[PDB]
Amino acid sequence: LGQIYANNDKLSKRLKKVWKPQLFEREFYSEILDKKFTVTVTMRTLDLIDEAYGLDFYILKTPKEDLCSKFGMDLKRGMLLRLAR
Amino acid sequence: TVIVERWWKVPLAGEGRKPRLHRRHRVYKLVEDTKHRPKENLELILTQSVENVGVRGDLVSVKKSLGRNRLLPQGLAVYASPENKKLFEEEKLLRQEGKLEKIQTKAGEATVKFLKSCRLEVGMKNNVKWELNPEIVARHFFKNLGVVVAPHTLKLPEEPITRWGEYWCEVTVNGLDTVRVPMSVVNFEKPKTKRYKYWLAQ
Amino acid sequence: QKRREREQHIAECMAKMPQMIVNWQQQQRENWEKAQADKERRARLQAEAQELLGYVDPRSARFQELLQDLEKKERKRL
Amino acid sequence: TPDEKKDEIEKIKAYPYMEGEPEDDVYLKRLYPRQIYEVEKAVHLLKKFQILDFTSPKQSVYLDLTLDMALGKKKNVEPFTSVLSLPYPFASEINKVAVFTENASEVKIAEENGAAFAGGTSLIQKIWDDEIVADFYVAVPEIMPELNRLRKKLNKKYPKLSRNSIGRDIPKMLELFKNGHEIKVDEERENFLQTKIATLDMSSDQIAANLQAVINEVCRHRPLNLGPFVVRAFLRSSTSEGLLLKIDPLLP
Amino acid sequence: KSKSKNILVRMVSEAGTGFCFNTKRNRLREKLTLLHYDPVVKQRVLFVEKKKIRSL
RNA sequence: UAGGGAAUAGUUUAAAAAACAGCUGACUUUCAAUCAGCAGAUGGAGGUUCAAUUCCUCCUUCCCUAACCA
RNA sequence: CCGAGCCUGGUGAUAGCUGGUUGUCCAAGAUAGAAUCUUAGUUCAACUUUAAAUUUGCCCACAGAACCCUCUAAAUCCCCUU
RNA sequence: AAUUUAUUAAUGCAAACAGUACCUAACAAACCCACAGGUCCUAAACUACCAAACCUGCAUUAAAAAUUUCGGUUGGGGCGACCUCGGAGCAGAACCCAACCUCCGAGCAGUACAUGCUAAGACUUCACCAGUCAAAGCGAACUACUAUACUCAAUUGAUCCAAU
Ligand SMILES: [K+]
Ligand SMILES: [K+]
Ligand SMILES: [K+]
Ligand SMILES: [Mg+2]
Ligand SMILES: [Mg+2]
Ligand SMILES: [Mg+2]
Ligand SMILES: [Mg+2]
Ligand SMILES: [Mg+2]
Ligand SMILES: [Mg+2]
Ligand SMILES: [Mg+2]
Ligand SMILES: [Mg+2]
Ligand SMILES: [Mg+2]
Ligand SMILES: [Mg+2]
Ligand SMILES: [Mg+2]
Ligand SMILES: [Mg+2]
C-alpha cells in the first residue's frame, strides 16, 4: 500500500497504488507428515522451496518472520513434534 | 515479485533507533517486477527414465514448469542437493566397476525405441551387381531411417544378398540391447523420382 | 600524459598554420575576383533580358543555366 | 537490415555443430548436431559414399556456400560474379562467350583471346531477330549505344559496368572465362552459392586447393574485415548429402 | 519575430587549443573561415565554423 | 532542434526508360478522345575514377521519428 | 434557513476585510517615487524617531550652463561673502 | 479550462498453464536394365505449429470521475481599448514630473572578427535588479580610411531548470 507519481514525475499528481502478488494454487507433499496439501503460493515461494530442496526443509529452515504464515508455523510445529517424538 | 524504492530520502535513524517515516516516504517507484525476468532452469537428478532425458543419475537442467509440475511431484526426479549428488555419484562408480549393470544413455533409449518399430527400405540399383555388406547397409539407415549406425554393430543374415527380397538386420545399440529390424530390399529409386511418383500422386 | 598530448597537438596544428593562412588569403582574393566576374556578367545578361521581355524567373533561370553548361562543356573536354 | 534477411543470418549462425563422433555407437542423427568437418576427411568420405552408393567414379562436387553476401553496412552488398580459374580446372570444357565489337581492332583482340562469337551490328541484329544463346556477353563502350537494343532481350543479362563487362580491354571476362569458372549467385538471394569445384576422381589435395581458391575468390566481392563474409560451407557431391566443413581456418 | 535572415554559429580555432567564439552570419552564405585572435596561443589563428547554435 | 531517409523532364514513376501535361500538327461542327511527331532531366558545391544518377563529403529544401522544457 | 443533512473532531481553520484594544505626565513627529495577479496589501526608496561619530549645512557675489525653434516667461542650477 | 487515470471496462504484452506436428512437382539428350527402373548434368540446407479461462504485473484506448483556477488597468463594473522599450509636446532656461492626454517609432539590420585582456575615476531612469561612460596598463594595429570601448534611438527578458 503506497503512492506513486503519475508518469514518474514528482511534479504530477500523487496517486494511490497497490501492488498485489500473483497467487497460484499448487499441491505439495510433506515427507515428515506424509500428507499432501493444496496451498495458495507465489512464484517466490516455489523458488524458495527449490533452494531448500523440498517443502519440509523450507518449513523447518525458514524463521517465523520470513514464513509470514500462521499455516506455515503450524506445519513447522507438526513436523517438529514428529521429529521430537 | 514487485520491487519498489522510495522517491524521497529517509533520514538516518542511527544505531538502535527506528527511522522517522513521513507520509512522503510512502511514494514509491517501481524498480522491477521479477516475474518479467528471464526464466532460469532447474537442476534435477533423474530417477526413472524420461523421453527427454532418462539416465538414472543424470544431472538435467529443465524448465521450472516441467520439474515442478511433473518430474518432482511424481517421483521421476529428485533435487540436485549435495546429499543426493553424493548418493547418485557413488552408484555410478558401482555401475562402472561393480556388479551393477551398465544402462543405456539418453540417446540409446531413444534409438532402441525407434529401432523396435521401424522397417528399413534398402533400395538397391538394378543395373549394377550389388552385394549387401554391413557398410552398405549401414549407409541406408542414415539415408532412409535417419539412424547413424556403426558398421561393426550390424549383424546381417550372413547369407549373401544379391536379389530383391526381405531379410533381417540385428542392430546392437551401445552393446547392451540387440534389436532385429525388418529388412526390405527394393529396387533403388532416386529421391526426386520416388517423391514425385507416390508422395505427390497420392 | 594529457598535458603533453594537448601541447603536442597544439604545436603540430600551429606549425601548419602559417601555410594555411597563405591559402586562406588567396581564396579571399580569388573570391573577390569571382564576385566581380559574377557582378559583371549576371547583371548584363539579366538586365538585357528583363528589358526586352517585361521591361523574371524564366529568363534568369536560362542564363543561370546555360552559363553553367558552358563551364561543364569545358570540363567535359578536360 | 531487413528483418527477414538479417534474422536468417542470425539463425544460421545459431545452428549448432559438434566435433567428433558422439560416444554412442548407434545414435539417431536428430539427437546430435552436425559433426563431420575436416576438408580432407570430407573429400575422403565423399569417395566412401560413392562406393557404397554405386555411382559414377567421376561426379561433380557442387559445393554450396552460405556466404554472408550481405551486411557490409546496414546497407547490404549485391550479387556479382567474380570469375577465376581454380588451380586445377576440372575436366568440364566450357568455351562460350559473345563479344560485341564493330569496326574496331578489338574484333581481333576478341578472337585472339578465344572469343566464341565476335561481331558487330550483324551479331547484334542476330540476337534481336533470332534466338541465340551465350553464357556471358561483353561489349566495348563504343558499341553500348547499339547494344542497347538487346537490353530488353537479355533481361539485364546484357553487359553492364557493374559486372566489369563494358570496357576497351575485353579480356577482363573474355580471356579468363574459358579456364575460369563462374561464381554464379542465388536467384532468391538467400546467400547460398552453388559452385562446382572438382570432379570426384580429383585428388583430395587438388580439391582442397580448389576449395581455398574459391574462398578468396568469393570474398573478392566484399573482402572487408568490417562484416564477416562466410558462415557455413556444405561440400556435396551430386548424389550425396552436404557435409559441414570447418572453413574457419581457411577463411583468411 | 521577423524573417530569419541570419544565424548564430560557433567558430572553432584551428590551433587545436579548443578556444571558441560565436559569430553571426547570413543563412544563405557559405561557412565562415575567419582569422581571429586565440588567447591560448596569444596570436591570430584561422577559425572554421563547426555548428549552428541558433537562428537569429 | 535531434538523428534516419529522400531529391530525375513541367507532373508522376523506372533502371538515363515509359506515362501524363505542354503540345506543333492531322482528324472530330465545337471539345474530348485517337494517330504521328517534337521538345524535354540526374537540388547545389567539391573531390576520386579515363568515365559517377550508380563511391564519398559539406550545404539547401522536404519528409519521417522524437523533442519544442524553463 | 438542503445548490446539499446533522453532530463531534482536525480547530484557537483562514480572513490584505470590519470591529475592539484598559494608569498618569512630557517630548520629537505629514509623505518625491519604484515594483508587484499589484493599486482595500506589501517590499525598497523617501519622510519620520532614538543613540553615536566628526564636519560642515542652510542663506548665497561675480563668473558660468545650446543650438534647433514662436510665447525672446516667472524662475532654476552652480555659488564665495555674510 | 489545466492536471490526472489510482478507479471501472475493453485490448495488447508478460506471467501462469498443454502439448501437437515435423513436408512431395520427376521425365533417359546419351547409356544401362527382361521388368520396375537406374548411370550421367546436383539426391543440399532447413524444424515448424503452439495451450481456453480466472488471477497478478506493465502498457494503450474509452467510460466515469477527481483536484484546481478563471489577470490587471478603468471618471462604478461589463463591452471596447490598453499592459514592455525609445523620440517630441504638455514640462520655454539644472534634474524630475501625470491623464483611457497630444504625435511618431521599436521587437532590427549592416559592417568588423583584437566587438581581445585588464584597470583609476565616474554616471544612472528617482529603491533594488539592471543599465551607461571610461584614463593608464598588457597585447595588437599603424605608417594621416574625422584611426585602439564599431554604425545605429528603442531593436529587449531575471532566477530555477534544460541541452552541451
Ligand atoms: K466600517
Ligand atoms: K489588499
Ligand atoms: K463617474
Ligand atoms: Mg434540518
Ligand atoms: Mg483570525
Ligand atoms: Mg510637540
Ligand atoms: Mg506577475
Ligand atoms: Mg498603494
Ligand atoms: Mg556654499
Ligand atoms: Mg491565469
Ligand atoms: Mg478590475
Ligand atoms: Mg467605464
Ligand atoms: Mg475586453
Ligand atoms: Mg539611482
Ligand atoms: Mg589606453
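Protein chains get the first letters and strands the later ones, always in sequence-line order, with residue 1 at the start of each. Any value given below was found using the heavy atoms of this structure, including those in side chains, with hydrogens, waters and symmetry copies removed.
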message: Only Watson-Crick and G-U wobble pairs with both distances less than 3.5 Å should count. Give RNA chain G in dot-bracket notation, marking inter-strand partners with |.
response: ................................((((....))))...................((..........)).....
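Contacts with RNA chain H (heavy atom under 4.0 Å) in residues 65-78 of chain C: none are found. Of the residues in residues 39-56 of chain E, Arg44(E), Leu56(E) come within less than 4.0 Å of RNA chain H through at least one heavy atom, sorted by number.
Pairs engaging residues 16-28 of chain A under the salt bridge (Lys or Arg N to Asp or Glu O under 4.0 Å) rule: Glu27(A)-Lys36(A) [sequence neighbours left out]. Applying the salt bridge (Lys or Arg N to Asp or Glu O under 4.0 Å) definition to pairs two or more places apart or across chains, those involving residues 22-41 of chain E are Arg25(E)-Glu49(E).
Partners of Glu93(D) according to the side-chain contact (heavy atoms from CB on, under 4.5 Å) rule, which considers only residues two or more places apart in sequence or in another chain, do not exist here. Residues satisfying the ring pair (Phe, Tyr, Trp, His ring centres under 6.0 Å) test with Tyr62(D), not counting sequence neighbours, are none.
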Please list, for nucleotides 12-16 of chain F, all pairs of protein and nucleotide N/O atoms separated by less than 3.5 Å.
{"residue": "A16(F)", "atom": "OP2", "partner": "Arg151(D)", "partner atom": "NH1", "Å": "3.4"}
{"residue": "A16(F)", "atom": "OP2", "partner": "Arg151(D)", "partner atom": "NH2", "Å": "3.2"}

Between the protein and nucleotides 152-160 of chain H, list every N/O to N/O distance that falls short of 3.5 Å.
{"residue": "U156(H)", "atom": "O4", "partner": "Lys1(E)", "partner atom": "NZ", "Å": "2.9"}

For nucleotides 37-39 of chain F, give me every protein contact, N/O to N/O, under 3.5 Å, one pair per line with atom names.
none

- line: Nucleotide by nucleotide, nucleotides 35-59 of chain H touches protein heavy atoms under 4.0 Å in the pattern (B base, S sugar-phosphate only, - none) BBBBSSSBBBSSS-------BBBS-
Side-chain donor-acceptor pairs under 3.5 Å in residues 70-78 of chain C, sequence neighbours left out?
none

